[PDB]
């Protein structure tokens, strides 16, 4: 929880809106240090003390992590009003909109590298006994070098036992990850397209699973299907997902 003097922060244009408030692009210039771009997360005007505490709890969770595929907390502004959370800036924004605006414009190996980064971030979260519960391409951010990082600290992304019995675990996080794999390899198609939420639940219970996206390697779609096994203990763990994607990257004939 590093405290940042607000005079070191220059707020520029709005780049997003979340549950808490607007997110801005900005510049952070600490004394003696090279300026960097940041995202500045703000809290909607008029917030109460309880809303302030809930907002800053995002920063306290984020500050526990230090991994190249988890969004980095630069610091917080809490000595002055309004409160702000300052994170690293991700030039290409959310992964789902990034892919939908770049349909077809990345190679399979680039997309696999994106997925490997997301899986490494999730492995790290799971090792720290953090269950994300909301993993989806809209909650992954992408930087200028196409590195993907988990952020956000929804029936069609949720494992069936999390829907039916409220059992959320890292294995339900792996189900969601398989949906993210399908989002990525389809360049941001909507999972299950225009099916209703109840139609999705009923179909999954009768063993429907999403088909391979166009031009998706068979081995990548099989890994999706492994993430979507009904029995949560049959799903691969994130450590195995990373190893599988690494082997695909090392042996690209397998794609």
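Residue numbers count along the first chain shown, from 1.
If you look at the other compared entries where the surrounding residues are built, does residue 19 lack coordinates in a third or more? Yes, residue 19 lacks coordinates in at least a third of the other compared entries.
Specify whether residue 47 falls into a modelling gap in a third or more of the other PDB entries of this protein. Yes, left without coordinates in at least a third.
Residues with no coordinates between residue 168 and residue 169, taken from the deposited sequence as a class: Per the deposited record, the segment joining residue 168 and residue 169 has no missing residues.
183-191 versus 44-52 - greater average Cα B-factor per the deposited record: Averaged over C-alpha atoms, the B-factors run higher in 44-52.
Could you check which stretch, 240-248 or 15-23, carries the larger mean CA temperature factor in the entry? According to the PDB entry, the answer is 15-23.
In terms of recorded Cα temperature factor, pick the maximum from 173, 127, 152, 88. That would be 152.
Residue with maximal Cα B-factor (values as given in the PDB entry) among 36, 30, 227, 204: That would be 30, according to the entry.
Pull the Cα B-factor of residue 123 out of the PDB entry and bin it into the chain's lowest, middle or highest third. Lowest third - that is where residue 123 ends up once the chain's C-alpha B-factors are sorted.
B-factor third for the C-alpha atom of residue 178 within its chain: For residue 178, the deposited C-alpha B-factor lands in the lowest third.
Can you tell me whether residue 109 has a C-alpha B-factor in the lowest, middle or highest third compared with the other modelled residues of the same chain? Middle third - that is where residue 109 ends up once the chain's C-alpha B-factors are sorted.
Using the B-factors in the PDB entry, rank residue 158's C-alpha atom against the chain and give the third, lowest, middle or highest. Bottom third by C-alpha B-factor.
Thinking about Cα B factors across the chain, which third does residue 220 belong to? Lowest third - that is where residue 220 ends up once the chain's C-alpha B-factors are sorted.
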